[PDB]
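Listed below are the residues making up each chain.
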Amino acid sequence: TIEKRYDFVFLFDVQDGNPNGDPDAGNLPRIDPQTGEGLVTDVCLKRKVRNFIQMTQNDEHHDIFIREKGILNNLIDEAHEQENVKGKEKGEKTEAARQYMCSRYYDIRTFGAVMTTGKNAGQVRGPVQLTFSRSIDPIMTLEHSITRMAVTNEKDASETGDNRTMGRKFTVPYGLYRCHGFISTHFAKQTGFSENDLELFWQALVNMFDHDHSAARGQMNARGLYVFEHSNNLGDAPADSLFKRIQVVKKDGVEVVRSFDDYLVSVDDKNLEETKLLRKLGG
Amino acid sequence: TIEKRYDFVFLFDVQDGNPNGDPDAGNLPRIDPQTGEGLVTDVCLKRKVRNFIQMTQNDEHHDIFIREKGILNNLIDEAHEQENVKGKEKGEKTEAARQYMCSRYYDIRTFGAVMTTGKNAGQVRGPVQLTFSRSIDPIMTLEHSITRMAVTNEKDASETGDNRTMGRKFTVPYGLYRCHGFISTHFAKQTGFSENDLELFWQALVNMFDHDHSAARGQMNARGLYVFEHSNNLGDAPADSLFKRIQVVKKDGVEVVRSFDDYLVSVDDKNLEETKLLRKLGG
Amino acid sequence: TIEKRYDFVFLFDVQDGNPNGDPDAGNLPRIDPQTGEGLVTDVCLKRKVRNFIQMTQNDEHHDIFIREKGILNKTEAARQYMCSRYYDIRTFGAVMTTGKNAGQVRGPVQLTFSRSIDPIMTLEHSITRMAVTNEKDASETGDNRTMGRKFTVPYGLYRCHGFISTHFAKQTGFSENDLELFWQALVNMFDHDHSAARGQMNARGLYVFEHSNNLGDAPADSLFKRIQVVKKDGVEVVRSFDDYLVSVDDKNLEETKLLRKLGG
Amino acid sequence: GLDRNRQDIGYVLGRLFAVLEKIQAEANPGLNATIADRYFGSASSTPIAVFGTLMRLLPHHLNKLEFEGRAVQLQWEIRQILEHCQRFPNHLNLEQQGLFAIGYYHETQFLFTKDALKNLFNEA
Amino acid sequence: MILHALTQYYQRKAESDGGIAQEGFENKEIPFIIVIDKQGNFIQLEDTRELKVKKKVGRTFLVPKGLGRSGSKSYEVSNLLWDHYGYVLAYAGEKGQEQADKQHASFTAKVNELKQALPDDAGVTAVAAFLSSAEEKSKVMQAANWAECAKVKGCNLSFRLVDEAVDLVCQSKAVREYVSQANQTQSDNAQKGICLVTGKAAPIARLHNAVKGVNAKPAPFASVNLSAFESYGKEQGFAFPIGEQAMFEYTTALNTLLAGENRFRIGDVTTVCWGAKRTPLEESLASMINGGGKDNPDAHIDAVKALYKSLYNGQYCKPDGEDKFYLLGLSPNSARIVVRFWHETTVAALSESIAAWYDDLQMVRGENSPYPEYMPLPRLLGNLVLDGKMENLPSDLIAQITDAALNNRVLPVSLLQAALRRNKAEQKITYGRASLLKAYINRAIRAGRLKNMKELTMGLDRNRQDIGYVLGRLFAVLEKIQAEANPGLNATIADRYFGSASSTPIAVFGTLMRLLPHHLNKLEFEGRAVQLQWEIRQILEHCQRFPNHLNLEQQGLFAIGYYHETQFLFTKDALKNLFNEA
Amino acid sequence: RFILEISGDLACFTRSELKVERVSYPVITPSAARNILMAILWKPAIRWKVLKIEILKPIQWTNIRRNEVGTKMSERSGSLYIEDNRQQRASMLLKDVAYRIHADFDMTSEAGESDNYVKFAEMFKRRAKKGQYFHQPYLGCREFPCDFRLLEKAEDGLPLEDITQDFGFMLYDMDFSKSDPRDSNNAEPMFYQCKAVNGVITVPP
DNA sequence: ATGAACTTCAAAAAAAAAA
């Protein structure tokens, strides 16, 4: 179980593609309406970490939460028929099953999952809780509409021989999504989030943009990862100014940004040397 | 027991997430219908303070009100079987049990709780009573609908393809929730709210947005906390103008607000220097 | 006892909280079932006055009688004693079971159902709890939760009215000190009577109409119309005091009345 | 329902695309695929790539018209729109992205009218 | 008029042979019965329950009215022949001995004094010898169905001798005269005047009888009983000087209407309804009716019953009144009859709230539409639930929307939020959610909870000039053009864009306006695409700029305009007629 | 006779039968009108008597479930504690009401020396025109006032123009003849509404 | 002699879906 507080400043961008796209709006990434800054949900990073763990582990005591056919009720029923089948008086039986799943699953240990379906077994508050990403420069939506020379269903097929199904494939030129996140210790002591799991989560956050790739997302990479390791479980200084110390603004006289040569990540670690640490894993 | 009146002006915002969401509304935060200002209930701040105390104490005489596995009737029955089991003539027995719970519990000492279930033991008026928060600039609801590649229960629509369960995860771009609150002394003298408990409550209000975090709420921080410490238990000036002196409006020619660089917290402590004090803990 | 008639136009609002919920359908504020304006019962303001007097005085000759268990914890002889050693008896009235007119004490201070100026909006703000009380029928093995419900109001300047008559003060003992304490209550009772449900309330304008005659040479409707409380110009919906226009009219009462601005 | 003094880049860009589409439609009634069926897909995002070919094809579309005064009126309203268009931007903001289509359909409605465009042209 | 209307229709029900009490009786629900012969000897403990899914306490027998015990020494009271299971067999389930033993001891004395005051009956002597045996009463405890009587608390045991079929012991010809005399002798020697219901002579009736069908137990209507509730030193009962020939009458009327077909719930409130004094009936109608027209109370109440039911069934129609129907809206508090509704007016003025609610719910409908003109309330809420009409919130949805609709109150914002969630979740706006939002907006405009906007009409509002309504019409015409392009559509632009179109317009419409010209070119009929382009121009003309985000009322306007335009386009000859007028 | 108009927002002429649930009377109680006239001006010489009530606003019921107390005060218990004596007494209040009570007054047995009818009449006229009153009039309950205004004939519109609904026996005025100075023991004589054609009249004892 | 506490009175309600 970990005992220190970690305030990591995850920074990641996108070369050309659709990172965290919005089902609410067709196929465009989440962008700020009033300004234009791109937004990326934390569930995308969580799924990238899960895929990295699935491809760089394959062992027990670190379940990865299977895809599609993985019914949550079936997994809950399978985890219930272990040490606390019935002889535990429902109440503490749920807590025992939750502890067993935390010791067995890695997704529920690092983040969390819903285990209150049919056979209830409590819920996990979760230690590490990432936030929604947000860029600084107002990004623009390119919208790269592409075509296909093969129809899907015969009903929507044309009355001729030219069977085409176009559509749109949105893309993004740039946008350093300044992600945020905080890690607690009280819930980590209950879920069993040890330091080895924390190091594995850091390695996943660092090297998830090298394997989890597709045609819609294109090419994505992680810039830097400045973790603010504390000293105790108390609160020294508000995290607002702590995360504001690593500001990311524009460089010289430029309108937009295209790569890392147009951003100036101002890192001035001067007032955060009281009872806090600093490490660089991605940058 | 405290003897001064404190009129704190709690100010806190939200980077990206759902702060105080409404169950009677699906999953959207409480917003003003006629205008658009975001509203945050005081029970969220109370639970954040409770979690901070639970993670930064672990001792007796400061009960934290357990979660999930904590029946109020069981706790009341356990607190009844102490010094006033039966030999106290019901009437003053309830007051004695209430005083014992105030000296033992911290949530009922700072705020309050319902102790009128089966074995009645009176009720606590409560000294510190926070109010509902309210922002100034009309915030907008982003509604970041996200998906899941794993079905939960045996859904009637989960056929043979991708077992998906989407939904919505609402987010908020900004909104400095101008919270309010007043602290009394008469009820504090009865509940035993000493100055140490007041300092602990201030520290909790300051450093609750650094540990109590989740994926739905995202990243939240506390701006400033201007406590108006009085001199006696009487009423000098109405608190309306006192809280109006610290106005928060827009800056220059801007439509909305994104961070602290777009707000101008006008603090002009000029007429509040009669028989009052002023301190800054969060800002 | 006093010697003048006081017909004030009390003005109090609600920033964020439940002013006076209606147990008719749970706890929603008693809105007007035809125009939408909130109707706060005057008994709530009387209870707030009693609570403020209990908090401030805490001595004899100023008790409450109609007090609380959680906040603080021949024939004419007993009536006069109760009028002397109690404040609520001289204020809103009393009912000694061994009194005169079927045991009645009307009392000078007569309040009015606080009707909001603009139609308020009952915000059904349900708030859940992570811990149940008794053994609920649904509190099974999972998370013991209970769905809550605490209605709130964005804004609503409620218009309260009073009618203090020295005629009843001559019998109840409502002296000038009790009247000053009542004014200090109506000014500073909204800074102490606070909770998680009531929220933040404040006193706006305590426009007291002091009449020179003991009978009061002014009609109630005229004195109420002389304090016009309406919405502002560019304001589409009221949200604070900068959205209202409490324009007082002290132009026709400059003969014998006195518009005491003790609140605003 | 058209604001010609809004001084918005998206408004004038959309109005320019609308009058371009109107000119192409007036050039030949039996038109299958107009510019809106291909050029509008990236007109609000990459205007500097489509509006160049648009201005290149505009004089030929005007010469294709059977009436020469109609082309004169169309060029006049084109320039009255582009008065507020000080420069062709690289990419439009979301607000400008919406104002593009707003001005587009507003100018299309203003053009497809009985006596309106000619009435505005007469006072010049 | 509150209690006078009760006596007035009790006098009509008692004269029209409707099965009601007759001076000192009450249709008390008696569960298990006791069968004896002519000298005691318990026979069988027959039960007359088996009615609803919740087994009530037997059938409502016309037994003498309860004298209203209630007290520490409640044993000294004791009724006539029907009472409690601890009053007959001296057996208590949760009360213990002594307390229940004195009940039976006083019941025996009451039976003995009734037998002494009425001899030679062959029915009261049997129950006198049965209560003075201390053997057969113990045999009642060992019956074949005695285990079921001890389960349900409050098992009223009534005696019924043999050789009388359904005639009870207290239902005999002699005991009926004794009951009629008791209400005319021991009940006619109280205070003098003056009555309040009837207002004539009659003795003032202290201790009003209980009314069953309201709170947790039968509780009296006019029931003042506290140290502060008394009037001018009247001390309970005398504060409302009401006579027995009115108190008993209205209490029995309430007991009969709260257990038959008149009992129906408005909005979480059980309200009894009964017809007022009917018209004397004209000659052309009374000539075919033999009698002729009897002023029956529970006769023309079916109209208002169906109306309050058609609100939940959708079969509402504008009713012509001229027939007054009483509507006493009683409600249970702690144990006092709380009156919530009382209107002497006819069904026309009683249905004003329903008429306003359905006119505000009046939405556009196409030809041969399965949805009726007026939608049922459960069917309307089914568009807001998860899947089946059962997951609704029982505090602000199925518990508050009915109250707000049946009383013309203000609709909560919970309706807005739920309809929004289910509109952008189900990815379609069927008949049910848009009409609810239109009703909410109209009621908020009429109640001052909505300023800059205005009330909506039935048909499509081609003007409005609002930033959300025209956007909804825009989305509707976009989806219509996309559907006309692709007939067999699976993942329409709606199912992929309406999630943010209702919230963020500049994100969805920034690409829908791009996809639109391709859909117009895809149309085989170029004139149809021309008309659709003209109408979308007329729609977007009212919108000066696409807003950043649509407020909570703006999303409702979006949904309303969407449904309005999508039904105006699916009309016979509407879009073509609009395009031809340009 | 005096045509004094009583107007107010809400009313509560609590019926004698529904005192636990303050269901207001259909119109203003004649006893309440006499109490209003006495609170405007009264003396041990003048005896007010209500003659006719003319309704000027339609009957509009509004249920307001208030929380009341159910235990009186005395020299015994020095306190009350409403947490143990709470009463959720309903109140079917009358929203938007207006009545012009036509009434006069007579003379009691203890008229004293100044028993002039014209003097008391002029005093009441002045108190009603200027706005003077011994006690603020109440619309059945002191929690609701009365925007009184003395009318010379008719200065408002009435909704009950044609034949309306009869309200049955209502509490006319309790009999205090058998009561000593400062009433204690009384009766309750009531009367019929006859018919609410436009302005219902009262039957004097 | 009389007001708050106590002890007894019955052991609820259900359709709210439909053309």
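Rules used in this analysis
Residues numbered from 1 in each chain as written, not as in the entry; some residues may be left out. Chains lettered and ligands numbered in written order. Part of a larger assembly, values for the part shown. Heavy atoms only, no water. Helix = DSSP H or I, 4+ residues; strand = E, 2+ residues; numbered from the N terminus. Buried < 20%, exposed > 50% of the residue type's maximum accessible area, 1.4 Å probe, protein only. Areas by Shrake-Rupley, 256 points an atom, 1.4 Å probe, with all protein chains shown as cover. Near = heavy atom within 4 Å. Polar contact = N/O pair within 3.5 Å; in protein donor to acceptor, adjacent residues only side chain to side chain. Contact = heavy atoms within 4.5 Å. Buried area = accessible area lost by both parts, 1.4 Å probe. Salt bridge = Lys/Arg side-chain N within 4 Å of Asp/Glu carboxyl O. Nonpolar A, V, L, I, M, F, W, Y, C, P; charged D, E, K, R; others polar. Axes fitted to C-alpha atoms, helices over the stretch in contact; angles between N-to-C directions. Parallel < 35°, antiparallel > 145°, perpendicular 65-115°, else oblique. Left-handed = near helix turned anticlockwise from the far one by under 90°. Pairing = 2+ DSSP bridges. Core = buried A, V, L, I, M, F, W, Y, C linked by side-chain atoms within 4.5 Å. Expected span 1.5 Å × (residues − 1). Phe/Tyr/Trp six-rings, centres within 6.5 Å; stacked < 30°, edge-to-face > 60°. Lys NZ or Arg CZ within 6 Å of the ring centre and 35° of its normal. Patch = residues over 30% accessible without salt bridge, like charges linked within 9 Å, V, L, I, M, F, W, Y side chains within 5 Å. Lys, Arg positive; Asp, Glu negative; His and termini not counted. Charge placed at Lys NZ, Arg CZ, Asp CG, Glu CD.

As documented in the archive entry, the model was determined using cryo-EM at 3.26 Å resolution.

(A) How the structure looks around the overall build of chain E. When helices and strands are counted, chain E shows 22 helices and 8 strands. Its C-alpha atoms put chain E at 105 × 55 × 55 Å along the principal axes. For chain E, the residues scored as buried account for 59% of the 582 residues in total. Surface summary for chain E: the accessible area is close to 23,400 Å², and the carbon and sulfur share equals 49%.

(B) Main features of the protein's contact with DNA strand G. Residue and element names in this part refer to chain E. Near DNA strand G, the surroundings consist of 35 residues, among which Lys52, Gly154, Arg263, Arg265 and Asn313 are the closest. When atoms of DNA strand G within 4 Å of the protein are split into backbone and base, the sugar-phosphate part holds 59%. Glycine 71 places a main-chain nitrogen or oxygen 3.1 Å from a base oxygen of DNA strand G. Backbone polar atom of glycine 154 to a phosphate oxygen of DNA strand G: 2.8 Å apart, as the coordinates give it. Those elements giving two or more residues to the surface near DNA strand G turn out to be α3 (99-116), β5 (263-265), α10 (301-313) and α13 (377-381).

(C) Layout of the interface of chain C and chain F. In this assembly, 59 residues from chain C lie in contact with 43 residues from chain F. Surface buried jointly by chain C and chain F totals about 4,500 Å² across both partners, of which 56% is contributed by carbon and sulfur atoms. Scanning the region where chain C abuts chain F turns up 3 salt bridges. The closest approach of N and O atoms between F:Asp84 and C:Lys69, which form a salt bridge, is 3.7 Å. Our enumeration of links across chain C and chain F arrives at 26 residue pairs in polar contact. Elements represented by at least two residues in the side of chain C that touches chain F include exactly α1 (42-56), α2 (75-84), α4 (166-172) and α6 (220-225) of chain C.

(D) Representation of the interface of chain C and chain A within the structure. Contacts between the two partners involve 5 residues from chain C and, on the opposite side, 4 residues from chain A. Roughly 390 Å² of surface becomes buried between chain C and chain A when both sides are summed, with 50% attributable to carbon and sulfur atoms. The three residues of chain C that bury the most area against chain A are C:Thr141, C:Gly142 and C:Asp143, which together make up 82% of that side's buried surface. For the interface between chain C and chain A, the tally reads 0 salt bridges. At the surface where chain C touches chain A, the tally comes to 1 residue pair in polar contact. Grouping the constituent residues of the side of chain C that touches chain A by class yields 1 nonpolar, 2 polar and 2 charged.

(E) Main features of the packing of helix α17 (residues 469-485) of chain E against helix α21 (residues 552-569) of chain E. Residue and element names in this part refer to chain E. Contact geometry of α17 with α21 gives a least axis separation of 6 Å together with a crossing angle of 45°. By the angle between their directions, the pair α17 and α21 is classed as oblique. Every pair of crossing elements has a handedness; the one defined by α17 and α21 is right-handed. Every residue of α21 that contacts α17 at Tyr469, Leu471, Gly472, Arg473, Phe475, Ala476, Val477, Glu479 and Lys480 is listed here: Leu557, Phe558, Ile560, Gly561, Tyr562, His564, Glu565, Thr566 and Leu569. Of the residues assigned to the contact of α17 with α21, the class counts are 10 nonpolar, 4 polar and 4 charged.

(F) Structural view of the arrangement of the chains. Contacts are most numerous between chains C and F, considering all 11 pairs of chains that are in contact. Contact between chain D and chain F is absent, and the least distance between their C-alpha atoms amounts to 46 Å.

(G) Layout of the pattern of salt bridges. Tallying each qualifying case throughout the model produces 100 salt bridges over all chains. B:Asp32 serves as the salt-bridge partner of C:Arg239, at 2.8 Å between the closest nitrogen and oxygen. Linking C:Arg239 in the loop between β9 (227-231) and β10 (244-248) with B:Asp32 in the loop between β3 (28-31) and β4 (38-40), this pair reaches from one chain into another. Summarising the burial analysis for this pair, C:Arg239 and B:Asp32 share the class buried.

(H) Spatial organisation of the sheet that holds strand β6 (residues 133-134) of chain B. Residue and element names in this part refer to chain B. The strand order across the open sheet built from 4 strands is β2-β3-β4-β6, with neighbouring strands paired in antiparallel fashion. Pairing within the sheet leaves two strands with one partner each, and these edge strands are β2 (21-22) and β6. Examined bridge by bridge, β4 and β6 share 2 bridges and lie antiparallel to one another. Opposite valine 40, over in β6, you have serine 133 as the bridge partner.

(I) Representation of the environment of A:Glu255 in the model. Within the fold, A:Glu255 resides in the loop between β10 (246-250) and β11 (263-267). The exposure class of A:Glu255 is exposed, given its relative accessible area of 57%. Ignoring sequence-local partners within four residues, the contact set of A:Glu255 consists of A:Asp137 and D:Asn90. Reaching out from A:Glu255, the side chain makes a polar contact with the side chain of D:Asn90 at a distance of 2.9 Å.

(J) How the structure looks around the packing of helix α12 (residues 352-360) of chain E against helix α16 (residues 433-446) of chain E. Residues and elements named next belong to chain E. Running from N to C, α12 and α16 point in directions that differ by 120°, and their axes come no closer than 7 Å. Here α12 is positioned oblique relative to α16, judged by the angle of their axes. Contact residues: α12 offers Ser353, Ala356, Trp357, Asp359 and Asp360, while α16 offers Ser435, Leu436, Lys438, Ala439, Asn442, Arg443 and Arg446.

(K) Quick look at the nonpolar core. Counting 214 residues, the largest nonpolar core has B:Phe10, D:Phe17 and E:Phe475 as its most contacted members. Dropping the residues within four chain positions of it, B:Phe10 is found in contact with B:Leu45, B:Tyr177, B:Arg178, B:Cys179, B:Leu205, B:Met208, B:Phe209, B:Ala222, B:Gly224 and B:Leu225.

(L) A look at helix α1 (residues 42-55) of chain B. Residue and element names in this part refer to chain B. Look at α1: 20 Å from first C-alpha to last across 14 residues, which is about the 20 Å you get at 1.5 Å a residue. Buried residues dominate α1, accounting for 12 of its 14 residues. Within the span of α1, buried status applies to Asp42, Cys44, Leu45, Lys46, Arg47, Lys48, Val49, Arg50, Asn51, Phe52, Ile53 and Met55.

(M) Local environment of the environment of B:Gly122. Tracing the chain through its elements places B:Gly122 in the loop between α4 (107-110) and β5 (128-130). Taking C-alpha positions, B:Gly122 is 6.2 Å from B:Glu95, a pair spaced 27 residues apart along the chain.

(N) Region of interest: the side chain of B:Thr141. Topologically, B:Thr141 is positioned in the loop between β6 and β7 (177-178). Ignoring any residue separated from it by four or fewer positions in sequence, one finds B:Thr141 in contact with B:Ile31, B:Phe170, B:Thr171, E:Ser503 and E:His549.

(O) Examining the environment of B:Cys102 more closely. Structurally, B:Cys102 can be placed in helix α3 (residues 91-104). When neighbours within four sequence positions are excluded, B:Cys102 is seen to be in contact with B:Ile108, B:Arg109, B:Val124 and B:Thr191.

(P) Expanded view of the packing of aromatic side chains. What the rule picks out here adds up to 88 aromatic pairs over all chains. Members of the aromatic cluster, each reached through a chain of ring pairs, are C:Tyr6, C:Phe8, C:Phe10, C:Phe12, C:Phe92, C:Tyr158, C:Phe182, C:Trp183 and C:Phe190. The residue whose ring lies beneath A:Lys276 is A:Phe228, and the NZ or CZ to ring-centre distance is 3.6 Å. Cation over ring: E:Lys137 sits above E:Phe130, and NZ or CZ is 5.2 Å from the ring centre.

(Q) Region of interest: the side chain of A:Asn20. All names here are of chain A. Checked against the element boundaries, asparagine 20 lands in the loop between β1 (9-16) and β2 (21-22). Of the residues examined, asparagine 20 reaches a relative accessible area of 5% and is grouped as buried. At 2.4 Å, the side chain of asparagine 20 forms a polar contact with the side chain of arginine 30. Within polar-contact distance, the side chain of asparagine 20 engages the side chain of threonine 41 at 2.3 Å. Residues contacting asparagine 20, with those up to four places away along its chain left out, are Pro29, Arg30, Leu39, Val40, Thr41 and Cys44.

(R) Up close: a positive patch on the surface. All names here are of chain E. A cluster of basic residues, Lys52, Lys54, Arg263 and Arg265, forms a positive patch at the surface. One can find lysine 52 in the loop between β2 (33-36) and β3 (59-64). Overall, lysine 52 belongs to the exposed group, its relative accessible area being 55%.

(S) Representation of the sheet that holds strand β6 (residues 270-275) of chain E. Residues and elements named next belong to chain E. Strands sit in the order β5-β6-β7-β8 across an open sheet of 4 strands; the sheet is antiparallel. Looking along the sheet, the strands with just one partner apiece sit at the ends: β5 and β8 (337-342). In this sheet, neighbouring strand axes are inclined to one another by 35° on average, regardless of whether the strands run parallel or antiparallel. The sheet contact formed by strand β7 (residues 325-332) and β8 spans 5 bridges and is antiparallel. Within the sheet, the bridge partner assigned to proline 332 lies in β8 and is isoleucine 337. Helix-sheet contacts for helix α1 (residues 4-13) involve β6, β7 and β8, and the interaxial angle to β6 is about 55°. Helix-sheet contacts for α10 involve β5, β6 and β7, and the interaxial angle to β6 is about 150°.

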